[PDB]
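Asks: The structure under discussion is supplied below as structure tokens; questions concerning it will follow.
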Amino acid sequence: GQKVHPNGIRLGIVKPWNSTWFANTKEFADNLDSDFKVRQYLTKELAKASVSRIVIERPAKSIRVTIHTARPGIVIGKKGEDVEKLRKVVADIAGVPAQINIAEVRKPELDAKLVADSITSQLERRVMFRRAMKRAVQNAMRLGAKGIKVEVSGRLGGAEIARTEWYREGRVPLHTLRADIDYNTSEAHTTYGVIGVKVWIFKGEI
Amino acid sequence: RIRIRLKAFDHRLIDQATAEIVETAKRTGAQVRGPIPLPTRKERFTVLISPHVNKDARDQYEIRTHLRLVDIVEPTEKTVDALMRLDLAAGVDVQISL
Amino acid sequence: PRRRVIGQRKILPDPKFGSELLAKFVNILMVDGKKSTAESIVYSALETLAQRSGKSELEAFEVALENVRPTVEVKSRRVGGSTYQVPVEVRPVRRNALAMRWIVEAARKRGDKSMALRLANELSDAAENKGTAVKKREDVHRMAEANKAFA
Amino acid sequence: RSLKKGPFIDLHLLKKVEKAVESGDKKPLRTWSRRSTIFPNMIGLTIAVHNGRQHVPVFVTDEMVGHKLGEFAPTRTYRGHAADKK
Amino acid sequence: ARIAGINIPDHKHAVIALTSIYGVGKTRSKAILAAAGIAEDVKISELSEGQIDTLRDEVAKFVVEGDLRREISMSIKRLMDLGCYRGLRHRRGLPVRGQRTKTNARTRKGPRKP
Amino acid sequence: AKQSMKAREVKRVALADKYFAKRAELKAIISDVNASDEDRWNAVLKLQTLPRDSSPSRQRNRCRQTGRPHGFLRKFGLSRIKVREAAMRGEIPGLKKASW
Amino acid sequence: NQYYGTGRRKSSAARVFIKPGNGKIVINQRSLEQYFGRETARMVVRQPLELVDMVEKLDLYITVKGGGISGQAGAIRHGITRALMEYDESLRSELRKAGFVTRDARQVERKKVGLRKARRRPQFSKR
RNA sequence: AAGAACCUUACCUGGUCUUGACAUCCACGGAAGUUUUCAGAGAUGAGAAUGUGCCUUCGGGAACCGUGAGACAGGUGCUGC
RNA sequence: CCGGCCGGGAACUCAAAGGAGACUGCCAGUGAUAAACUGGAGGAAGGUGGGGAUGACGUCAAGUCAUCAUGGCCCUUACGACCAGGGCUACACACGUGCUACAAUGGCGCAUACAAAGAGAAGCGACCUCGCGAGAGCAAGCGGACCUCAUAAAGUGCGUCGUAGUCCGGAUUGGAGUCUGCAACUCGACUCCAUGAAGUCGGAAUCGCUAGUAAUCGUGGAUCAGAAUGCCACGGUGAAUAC
């Protein structure tokens, strides 16, 4: 569990940063604050909308937020009525204005955060993790994902002792930096306590 | 007459922008010196890895910052207009000077 | 190490003449990386020596080294659980090296005034081979001889 | 040894000691300020300095002026120890 | 040459010779030599007797041995009389400046009791 | 995470910018040697008249998230752990692990 | 025609010009002796040339920057080895037979975390 | 603990408040804000001058600030087996 | 105006990007004609070229509810909140870990050179002027390949100190000051004057380290109002041993 986080070592490699913007040493601090703020706001408000990830950019002292989501219609709302409000609210903490660019994930079951949020939505319903894991692995293999390693840890269906469990399938070369491997860690609240869900997804050799 | 010194993080991300600005320059009258690669600043960092104790175990980091000089000699109107509001390049901070 | 029989490092020969042996003496003398000072004390000593011996520096040291040169030495091996020393013949490559270590050993021992004076005194005692180095040699022979019965 | 220009006293203590002098010595003062500096006029006063648990009365003498209030109210108390002589 | 308590150095150089007096050290003695014009390397015995005669009132310009002794002792006696925390540490024999008494400052603390 | 301490900190932030960096010269210049011997007394007396806070030196410069005083980084403002968690999530550009 | 070599010993960079005719050596406007040739390891820079003729046959104008004394001296050495290129294999036979052609980079290692100078432990205690 | 002079602080003594230092809910009032004085160790407490801005529904508002209600807030309080 | 100072050149370093290069590829021999190894060659480099990052299955029901988050439990006119002062630095001791030592391969005096890598706009702050000094006054320039921190020191040469608790060492203490910060007593650092402690290379026991390594030298940072012998990083000089 102390093993290296796969995304961090490939940030200079095959994993471009979710927020790509330069700033001077003075305002960089505040811009990180605002970044964390908008990421929280968009996280909470769009939580039920199953956003996969939010790609911040800040050209010319103005923010442009790309948004990869599983269900673009539920995010946008009826004919964009939400989008504008999302631009106003965000712009207020963004330093003004707030451009936004929607984007749909063609294969949402592949993407890690969508999978984890699904598994959490199953766990809150008291669904059995032993089924959830095999279901995720089933969808991953049906899409032909080159590799996968699902892992979870916690109370496990009310057991008094916390326990780790996992189920890998396919080739999983974590040591190979050439590898195209998505990854996520998402906590799942339950009546007995938090249950961490880690999800490795090996998409391709390059 | 003009001395531009642009900067960005990733080299591969700044290169195509350098190509676009040099090309924008060549088409607008050119009179270009030829961009200078410049030394790259590399801020070293070493943060404690653990939430508590484990003083022996630390994690290294760095933030490379590539810079490039441009140096256009002509004070041409076509040049100063092309250098204005065609810079684009998100994530790449340009600094014009005369 | 368990396996590698890798050989010695290639030290630089002495600038005036190709006596890499004494260059290894300059190595076994240098402290705190003060190479030039250690070398300067070496040349100053060889000059103070050769004029008194009448011989050239290198050969004057040759007939001092040869006299202080170790014969055999005891070392722990093949313990019966009660532990006892085993005398054995030295490797010739270890011979002059261990000798120069005994020279520097005798040099660091005793005090007079200047370290150049102690060095000159040890070399002078080595000229007519009655010094602390031959003393340590004959002492190692005393540590043996009575132990020489063992084999 | 500190404060090149201007000996330091907190204004509430210089006013309490001012109107304490002009009114004649009566009772000790309740000051908490260890931070101030003795001044010539403060002499003869029994002003109690805070040692952190309570106030200890100290009788100011002109022989002590350049010093400060604190060090005459020792805070930490180590009594002696236990000697445990054998 | 005979002044102070005793002050009879020999073989010593002028500054180190003067250092023997309580209350005077290196840089002050060098100031005495810069005042008299005397060279640092001169021996105390070879140096001119009349230059020593000037040396006497010259170093008399600065208070030294016993007067400094009784001055410092009178100061420490003063601190003890004040009842100041500093003077209390002088009474205990423990350090005054702020050195840790928990482990080190053994020198001022004296030899270890057990 | 000790919200009252963070609100106390930011209250020192606001109030501290509100007083000093404006009236601050009253000590930063006037208390420095100049031809105003009589005034400097009334100056420092107004200096103590100011509240004990407002001074930047009393700012421990707490983290903007947990509020933890220690492990802080002025270059970011985040505590070491949170800037590392943001780093591993790819929030900070060019903050890759270094090996040279 | 003037000949040239470069070389770079331990972060220092040397630059070595050499010409036929005159025999004197000059480094950074300073005399061969006053700069390093009166300090120890003076003869090392000439050590490859001891194998051949030097005296009047060739002269050197050297510039160097970076590093310490021995670093700039070895930089002069590598710079002479690189400046023998016009006589290429003809000198590289015996010269490589004596080495000196080798880069001998051996750069200092970076301090490792928790280790004082990239090896030393903080005096580990058994308990 | 990548830096305890105060601050930090979780600690001790003493002085302090109980919808509370901070967040959300509502009523009922004031723009907020401003400079200045006194009592007090200080926080607080009592003043004094000063200001009354931001769209329209201009009967309203909204922002900020103050008093009141309880729901709640808060906890470096315990439990890393 | 002997300073690349400026005309002048991109020549060469330097500076980066982007490529080539070392792969047991070639020679010989060995090896079960196997893989593979040994030796050699050329080659800048020869065997994983040097270094760095990357921590399998899992274990230790390891440490962390005091980073944060969290299931419950507990207090909620106090197990909450604000302020002053104090303390976290207390000392009959014991242990762990770093630094300066115990000296003339040295200390001290003058002269004399030679680095790298970082940091700087609520800031880095030249120069000049004042002060033995720490620092003060003014203040150009610098968002930095320009300017500032910012003079590297060990070293090199000569001069002296002539082997003693000594011109070693610098502890401790007394006095006189500087700067920071509301605030330097508790409880800063630095400077100057004075003072010169133990200690004569350290026992039983015990540690690290195989090359640009150990040893030794100095420089810079982050933390920070101020305050490193700690931490992290940089280069200079530069070994011995491997039977």
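Residues are referred to by chain and number: the chain letter is A, B, ... according to the order shown in the structure tokens, the number counts from 1 in that chain, and ligands are numbered separately from 1 in the order shown.
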Find the residues in chain G near chain B: any atom within 12 Å counts, using only C-alpha atoms. Write them as an NGL selection string.
Replies: :G and (112-116 or 121-122)
Asks: Fewer than 6 positions away in the same chain doesn't count, so skip those; otherwise give me all residues within 9 Å of residue 103 (chain C), counting only C-alpha atoms (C1' of nucleotides), as a VMD selection string.
Replies: chain C and resid 65 68 119 122 to 123 126 132 to 133
Asks: Put those residues in a file: N, CA and C atoms, as a compact mmCIF listing (two decimals), in the first residue's frame.
Replies:
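What ended up in out04.txt:
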```
# COMPACT_ATOMS: atom_id res chain seq x y z
N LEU C 65 64.57 0.01 2.91
CA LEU C 65 63.40 -0.82 2.68
C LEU C 65 63.77 -2.29 2.72
N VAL C 68 64.30 -3.36 6.35
CA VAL C 68 63.07 -3.37 7.14
C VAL C 68 62.01 -4.27 6.53
N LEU C 119 60.23 12.10 10.42
CA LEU C 119 60.42 11.34 9.19
C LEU C 119 61.90 11.18 8.87
N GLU C 122 63.43 8.66 11.22
CA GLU C 122 63.10 7.28 10.90
C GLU C 122 63.85 6.78 9.67
N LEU C 123 63.96 7.63 8.64
CA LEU C 123 64.75 7.27 7.47
C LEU C 123 66.22 7.13 7.83
N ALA C 126 66.67 3.99 9.47
CA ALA C 126 66.56 2.93 8.47
C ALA C 126 67.83 2.78 7.65
N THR C 132 62.93 1.75 14.30
CA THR C 132 61.71 1.16 14.82
C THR C 132 61.07 0.21 13.81
N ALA C 133 61.36 0.37 12.51
CA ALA C 133 60.79 -0.54 11.52
C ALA C 133 61.43 -1.92 11.61
```
Asks: Which chain A residues are at most 6 Å from chain I (counting only C-alpha atoms (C1' of nucleotides)), as a PyMOL selection string?
Replies: chain A and resi 192-194
Asks: Using only C-alpha atoms (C1' of nucleotides), determine which residues lie at most 12 Å from region 43-57 of chain E, disregarding the query and same-chain residues fewer than 6 positions distant; provide the list as a list in words.
Replies: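 So the residues in contact are residues 1, 2, 3, 4, 7, 8, 9, 10, 11, 12, 13, 14, 15, 16, 17, 18, 29, 31, 32, 33, 34, 35, 36, 37, 63 and 64 of chain E.
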Asks: List the spatial neighbours of residue 23 (chain A) as a PDB file with N, CA, C and O atoms, in the first residue's frame - criterion: any atom at most 8 Å away, only C-alpha atoms (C1' of nucleotides), same-chain residues fewer than 4 positions off excluded.
Replies:
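Once everything was written out, this is selection.pdb:
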```pdb
ATOM      1  N   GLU A  27       1.236  35.075  -7.968  1.00  0.00           N
ATOM      2  CA  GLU A  27      -0.168  34.691  -8.098  1.00  0.00           C
ATOM      3  C   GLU A  27      -0.387  33.188  -8.198  1.00  0.00           C
ATOM      4  O   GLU A  27      -1.553  32.761  -8.164  1.00  0.00           O
ATOM      5  N   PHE A  28       0.690  32.406  -8.384  1.00  0.00           N
ATOM      6  CA  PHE A  28       0.575  30.956  -8.549  1.00  0.00           C
ATOM      7  C   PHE A  28      -0.132  30.312  -7.361  1.00  0.00           C
ATOM      8  O   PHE A  28      -0.936  29.384  -7.541  1.00  0.00           O
TER       9      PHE A  28
ATOM     10  N   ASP B  93       4.250  31.722 -21.165  1.00  0.00           N
ATOM     11  CA  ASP B  93       4.268  33.131 -20.782  1.00  0.00           C
ATOM     12  C   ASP B  93       5.306  33.848 -21.634  1.00  0.00           C
ATOM     13  O   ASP B  93       6.508  33.587 -21.518  1.00  0.00           O
TER      14      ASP B  93
END
```
Asks: If you run DSSP on the backbone here, which positions in region 18-68 of chain F get helix (DSSP H, G or I)? Please write them as a ChimeraX atom specification.
Replies: /F:18,25-28,37-49,56-58
Asks: Quick one: everything within 12 Å of residue 64 (chain D), counting only C-alpha atoms (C1' of nucleotides), minus sequence neighbours fewer than 2 positions away in the same chain. Send it as number ranges by chain.
Replies: D: 37-45, 58-62, 66-69, 71-72; E: 78-79, 81-84
Asks: How many Å lie between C1' of residue 135 (chain I) and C1' of residue 190 (chain I), rounded to one decimal?
Replies: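 A separation of 9.9 Å between them.
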Asks: Tell me, which residues of region 6-93 of chain B carry DSSP strand (DSSP E), written as a list in words?
Replies: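 Going through region 6-93 of chain B, the strand (DSSP E) residues come out as residues 6, 7, 8, 41, 42, 43, 44, 45, 46, 47, 48, 58, 59, 60, 61, 62, 63, 64, 65, 66, 67, 68 and 69 of chain B.
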Asks: Tell me which protein, DNA and RNA residues are within 12 Å of residue 10 (chain C), counting only C-alpha atoms (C1' of nucleotides), leaving out same-chain ones fewer than 5 positions away, and put them as a ChimeraX atom specification.
Replies: /C:20-21,23-24,27 /G:99 /I:211
Asks: Put those residues in a file: N, CA and C atoms (P, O5', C5', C4', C3', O3' and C1' of nucleotides), as a PDB file, in the first residue's frame.
Replies:
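Written file, out-v4.pdb:
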```pdb
ATOM      1  N   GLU C  20      56.960   4.363  -8.989  1.00  0.00           N
ATOM      2  CA  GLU C  20      55.589   4.229  -8.522  1.00  0.00           C
ATOM      3  C   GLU C  20      55.534   3.650  -7.105  1.00  0.00           C
ATOM      4  N   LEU C  21      56.573   2.906  -6.690  1.00  0.00           N
ATOM      5  CA  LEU C  21      56.628   2.329  -5.347  1.00  0.00           C
ATOM      6  C   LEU C  21      56.578   3.439  -4.296  1.00  0.00           C
ATOM      7  N   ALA C  23      55.705   6.409  -4.897  1.00  0.00           N
ATOM      8  CA  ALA C  23      54.432   7.103  -5.079  1.00  0.00           C
ATOM      9  C   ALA C  23      53.347   6.475  -4.207  1.00  0.00           C
ATOM     10  N   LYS C  24      53.355   5.138  -4.104  1.00  0.00           N
ATOM     11  CA  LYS C  24      52.479   4.437  -3.171  1.00  0.00           C
ATOM     12  C   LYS C  24      52.821   4.776  -1.727  1.00  0.00           C
ATOM     13  N   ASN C  27      51.064   7.956  -1.204  1.00  0.00           N
ATOM     14  CA  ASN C  27      49.656   7.664  -0.947  1.00  0.00           C
ATOM     15  C   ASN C  27      49.442   7.295   0.517  1.00  0.00           C
TER      16      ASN C  27
ATOM     17  N   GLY G  99      47.561   5.463 -22.617  1.00  0.00           N
ATOM     18  CA  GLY G  99      46.298   6.005 -22.145  1.00  0.00           C
ATOM     19  C   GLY G  99      46.190   7.471 -22.490  1.00  0.00           C
TER      20      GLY G  99
ATOM     21  P     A I 211      33.422   1.581  -5.451  1.00  0.00           P
ATOM     22  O5'   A I 211      34.080   2.884  -6.072  1.00  0.00           O
ATOM     23  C5'   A I 211      33.528   4.174  -5.837  1.00  0.00           C
ATOM     24  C4'   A I 211      34.365   5.261  -6.470  1.00  0.00           C
ATOM     25  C3'   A I 211      34.961   4.939  -7.840  1.00  0.00           C
ATOM     26  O3'   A I 211      34.969   6.126  -8.625  1.00  0.00           O
ATOM     27  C1'   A I 211      36.688   5.514  -6.325  1.00  0.00           C
TER      28        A I 211
END
```
Asks: Counting only C-alpha atoms (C1' of nucleotides), what is within 6 Å of residue 6 (chain G), bar same-chain residues fewer than 4 positions away, as a PyMOL selection string?
Replies: chain G and resi 14-16+79
Asks: Would you save the residues of that selection, restricted to N, CA, C and O atoms, as a PDB file, in the first residue's frame?
Replies:
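Below you can see part.pdb, which holds the result:
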```pdb
ATOM      1  N   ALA G  14      38.330  23.012 -20.835  1.00  0.00           N
ATOM      2  CA  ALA G  14      39.584  23.495 -21.398  1.00  0.00           C
ATOM      3  C   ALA G  14      39.463  23.744 -22.892  1.00  0.00           C
ATOM      4  O   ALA G  14      38.591  23.205 -23.573  1.00  0.00           O
ATOM      5  N   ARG G  15      40.345  24.610 -23.385  1.00  0.00           N
ATOM      6  CA  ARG G  15      40.423  25.019 -24.784  1.00  0.00           C
ATOM      7  C   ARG G  15      41.899  25.216 -25.099  1.00  0.00           C
ATOM      8  O   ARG G  15      42.560  26.039 -24.463  1.00  0.00           O
ATOM      9  N   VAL G  16      42.423  24.454 -26.060  1.00  0.00           N
ATOM     10  CA  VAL G  16      43.868  24.305 -26.266  1.00  0.00           C
ATOM     11  C   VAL G  16      44.195  24.549 -27.739  1.00  0.00           C
ATOM     12  O   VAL G  16      43.826  23.743 -28.600  1.00  0.00           O
ATOM     13  N   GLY G  79      42.730  18.169 -23.086  1.00  0.00           N
ATOM     14  CA  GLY G  79      42.730  19.119 -24.183  1.00  0.00           C
ATOM     15  C   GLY G  79      43.913  18.942 -25.108  1.00  0.00           C
ATOM     16  O   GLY G  79      43.808  19.179 -26.315  1.00  0.00           O
TER      17      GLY G  79
END
```
Asks: Using CA of residue 41 (chain B) and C1' of residue 144 (chain I) as the two end points, give the distance in Å to one decimal.
Replies: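 Straight-line distance from CA of residue 41 (chain B) to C1' of residue 144 (chain I) works out to 11.7 Å.
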Asks: Which residues of chain H come within 7 Å of chain F, and what is each one's closest atom pair and distance in Å (one decimal), counting only C-alpha atoms (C1' of nucleotides), sorted by chain and residue number, as JSON lines?
Replies:
```
{"residue": "H:1", "atom": "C1'", "partner": "F:70", "partner_atom": "CA", "distance": 6.7}
{"residue": "H:2", "atom": "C1'", "partner": "F:71", "partner_atom": "CA", "distance": 6.3}
{"residue": "H:7", "atom": "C1'", "partner": "F:58", "partner_atom": "CA", "distance": 4.1}
{"residue": "H:8", "atom": "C1'", "partner": "F:60", "partner_atom": "CA", "distance": 6.1}
{"residue": "H:21", "atom": "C1'", "partner": "F:4", "partner_atom": "CA", "distance": 4.9}
{"residue": "H:22", "atom": "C1'", "partner": "F:4", "partner_atom": "CA", "distance": 6.0}
```
Asks: Per residue of chain G within 12 Å of chain F, which atom pair is closest and at what distance in Å (one decimal), using only C-alpha atoms, listed by chain and increasing number, as a Markdown table?
Replies:
```
| residue | atom | partner | partner_atom | distance |
| --- | --- | --- | --- | --- |
| G:109 | CA | F:100 | CA | 9.7 |
| G:110 | CA | F:100 | CA | 8.4 |
| G:111 | CA | F:100 | CA | 11.2 |
| G:112 | CA | F:99 | CA | 11.3 |
```
Asks: Write the residues of the selection above to a file with C-alpha atoms, as a PDB file, in the first residue's frame.
Replies:
```
ATOM      1  CA  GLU G 109      27.859  11.656  -7.061  1.00  0.00           C
ATOM      2  CA  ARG G 110      24.980  13.595  -5.540  1.00  0.00           C
ATOM      3  CA  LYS G 111      24.369  13.405  -1.800  1.00  0.00           C
ATOM      4  CA  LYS G 112      21.836  10.670  -1.011  1.00  0.00           C
TER       5      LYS G 112
END
```
Asks: What separation in Å, quoted to one decimal, exists between CA of residue 42 (chain F) and CA of residue 16 (chain F)?
Replies: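 A separation of 21.7 Å between them.
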